[PDB]
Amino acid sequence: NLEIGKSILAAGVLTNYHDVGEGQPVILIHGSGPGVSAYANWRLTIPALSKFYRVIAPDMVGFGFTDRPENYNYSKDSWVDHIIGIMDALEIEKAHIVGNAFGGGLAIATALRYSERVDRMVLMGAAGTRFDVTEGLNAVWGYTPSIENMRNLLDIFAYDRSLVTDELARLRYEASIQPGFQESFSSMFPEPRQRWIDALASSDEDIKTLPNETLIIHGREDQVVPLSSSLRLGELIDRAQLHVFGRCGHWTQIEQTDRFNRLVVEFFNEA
């Protein structure tokens, strides 16, 4: 299973992660769908970025193959602590961070609590602002295992449905039913789900204080997070650029891979 990588103790949690490349460190933080993992999210991103940077992609506690501690208290702050724990464990003093959706909210929160540890940020279809729950996100977080339910989620995630094959739905369905995966997932974001969008968000006031050069990315047709949310982040963060990809969903790094990798690498190259 290529989704399983290296193992390291971080913030007291045995963490699964990938580490490829040399040089300036870049932390990639995945989304929050069923069966999600750092590899599943970043398999097409790591190869490109690792040619110029040291890329670290961990499975956040509660997701992927990282340990799911008994009675663990999941929260925006606990996840931020995990990210910092991972950085501390790897002697990463300061790094750029690419946060995808769920991960984007965590990236913002980390930059706010540990400003000295974050350099540049890339926020893709990111959590971070309070936006009305979408049917897309409610469906994603309300997932129940089945190849048909997974196919529907994959359809929700991408613009070009021709990319959603029976094989992909099958493979992601299988990933979603691995031991303990669905159990922790279904209990992670229970109804009413607006609560978690709000809990993962940061205040307009706080976001305005971010001094980091930031690149906000969003797919025009994103069904999970409305473009309006990223437009808002683009107005709040001072040193920000906003790039909207037409004919693209909530899976920008996979749907517009080459354009995405190019934009991100050049963005970090400026530093």
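Residue indices: 1-based, along the sequence shown.
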Going by the average Cα B-factor in the PDB entry, point out whether 46-54 or 28-36 comes out higher.
-> 46-54
Of 217-225 and 61-69, the one with larger mean CA B-factor = 61-69
Highest Cα B-factor in the deposition, which of 177, 126, 163, 109?
-> 163
Say you rank 134, 144, 187, 194 by Cα B-factor from the PDB entry; which sits at the top?
-> 187
Third assignment of residue 265 from its chain's C-alpha B-factors | middle
Chain-relative C-alpha B factor for residue 120 (record values, thirds): the lowest
Residue 239 by Cα B-factor - lowest, middle or highest third of the modelled chain = middle
When the modelled residues of the chain are sorted by Cα temperature factor, does residue 158 land in the lowest, middle or highest third?
-> highest
Please place residue 96 in the lowest, middle or highest third of its chain by C-alpha B factor as given in the entry.
-> lowest
